[PDB]
Each structure stands twice: as structure tokens, then as C-alpha cells.
Amino acid sequence: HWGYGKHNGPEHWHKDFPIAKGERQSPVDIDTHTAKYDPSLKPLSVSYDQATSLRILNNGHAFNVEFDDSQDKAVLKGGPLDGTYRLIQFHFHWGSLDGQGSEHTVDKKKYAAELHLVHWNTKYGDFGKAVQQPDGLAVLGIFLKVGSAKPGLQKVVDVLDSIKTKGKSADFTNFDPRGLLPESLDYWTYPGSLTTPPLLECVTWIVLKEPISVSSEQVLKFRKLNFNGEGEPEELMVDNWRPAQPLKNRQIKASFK
Ligand SMILES: [N]S(=O)(=O)[C][C][C][C][C][C]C123[B@@]45[B@]67[B@]89[C@@]1%10B81%11B698B746B814B562B%10%1143
Ligand SMILES: [Zn+2]
């Protein structure tokens, strides 16, 4: 099955998922000089005050913090979006070392990690229907650099020991994702895809310019997770990022001057 190794990594995905070589694949390099300021873009509205986290899951490729998405409790709107998008989960991508780990790059710079807050368009009723639509998902991407600790991340870090291996989950209630946001909501946006199989071309990407800082100790704990299941040969969960894909016939727009 697909993963991040020599024999099953991103360069192989196209055999099972031919859309891997499609016209709107993610991630991409953001060339900051070429991205056009678009004065028609609105401020992003991130309304997470009523967010209800439920659980954290090691799915064998990352860990997902899952939310109750059975009502409009945690929603993204505005920015480039029409309508209302409901938070379903967040997860990260990260490296074996601090010099790599992000999926998007900024003028070819790789960050240590990248947070993806995944939301689906309520007009399609459920996540599974939304991923079949070109405007089905909105993913808010946030870069992580290593420096000062992010206090709002520590609750996530401390539960990782309990979900070391693939298929393990843990109750994860009352986690506030507002504690993962940078100060500024300045962003870039473009049309793209899921960055993992099935690589569906259903995402409006919103990538924040301002990174968050996390400590070396925090990211080291991400790197103790395992891709393998319990009792299997240990394969550290590191380098679970897809590299930048061809931009093709797309424009990246900036919300800021
Ligand atoms: N890295 S990222 O932020 O671009 C991606 C996060 C998207 C979550 C989408 C995966 C699935 B799993 B369930 B439902 C969706 B349909 B079925 B299975 B298929 B896979 B696809
Ligand atoms: Zn992701």
C-alpha cells in the first residue's frame, strides 16, 4: 500500500492513483514574487470558539485530531471561499530533521513541519460527498519552524506516547485549535488537491504566511511516532510529506500587499 518509503512513496503513487499527475495537484512551491495581491480577497473568518475535539488517531501516515462535525461548530469562511466549511480534523506533516517536513514551500524554503486544518463545504452534506467536488474542501495550512515552544501544542505532544503505532487512538476532548494559529491571517490561496491518496482535486488551499514556532522538544516527540502497527518492525514516522508538484495552469493569489 502507499506510504512514504523508497518503494511506496510519492513517486510511486501515480500507479494506484493516476490523478497524481493531474492538473491541480498539491502541494506546490509558492513563489512569493509571482503570487499576485488580489484586493478582492476577503479576510479569512476562522470561527473555532465552539470547536469540539473528540479523539486523536494514528492512521499509519500521520495523526489526526478529529472533531465533531455533526453541526456548524468550528467553521472557516470568507477569504477566497463561498459558503461555510466545517472543521473535520487536523494533522501535520514533518521531517526527520528541521530542514525539511513541510509540503508547501515558500521560494523553495522548506519548513520543519506543516499543519493542515481540513474543512468540508456544508453544501455537500458530508465529507465523502464533498471530496468529489472541485470546491468541496478548504484546507488551512500553517508552517511550523523550530524555536520557542508553542504552548497550545503541548496537549497534543503529551498524548502521542499513547498512540505510538498505527491504529491506536485516544480520547482527545476539549482541545482548542485556536492555540495553533499565528497572529496574522495573511494568506496565499490556490486550487489544488489532497496531498495524500486518493489525491482528489477538491481543495481550496489557504496557506498562512506567518509560521508558528514550536520547540525542538515538541517536534522530537512527533518523530517518535511509528508508521508501523504494534509489535511490527519499528519504522519511525518521519518525512511524511509529499514534495512540491507542478503548478501547471494555476495562479497563486496573495491576500496581502
Ligand atoms: N494532507 S491534506 O490536508 O491535503 C489531506 C487531508 C484530507 C482527508 C482526506 C482523505 C480521505 B479518507 B476517507 B474520505 C477521503 B475519501 B475516503 B478515505 B478517501 B480518503 B479520501
Ligand atoms: Zn495534510
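Last residue of the sequence shown: 260 (PDB author numbering), numbering continuous.
The C-beta atom is built at its ideal place from N, Cα and C for all residues, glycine as well.
Distance CB(residue i)-CB(residue j) smaller than 8 Å
i	j	result
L183	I209	no
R181	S99	no
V149	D101	yes
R253	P194	yes
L203	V142	no
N11	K169	no
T192	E106	no
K153	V241	no
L211	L188	yes
Residue i CB to nearest heavy atom of ligand 1 below 7 Å
i	result
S105	no
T198	yes
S56	no
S29	yes
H4	no
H122	no
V217	no
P201	yes
Residue i burial status per 10 Å Cβ neighbour count (16 or more: buried)
i	result
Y190	buried
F259	exposed
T35	exposed
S48	exposed
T37	exposed
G104	buried
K113	buried
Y40	exposed
heavy atom of ligand 2 below 7 Å from residue i C-beta
i	result
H64	no
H36	no
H17	no
I want to know whether the segment 62-74 touches the segment 23-32 - three or more CB-CB distances under 8 Å.
The segment 62-74 and the segment 23-32 do not touch, with fewer than 3 CB-CB distances between them shorter than 8 Å.
Requested in this report: Take every Cβ of the segment 13-20, pair it with every Cβ of the segment 50-58, and state whether three or more of those distances are shorter than 8 Å.
Outcome: Verdict: no, contact absent.
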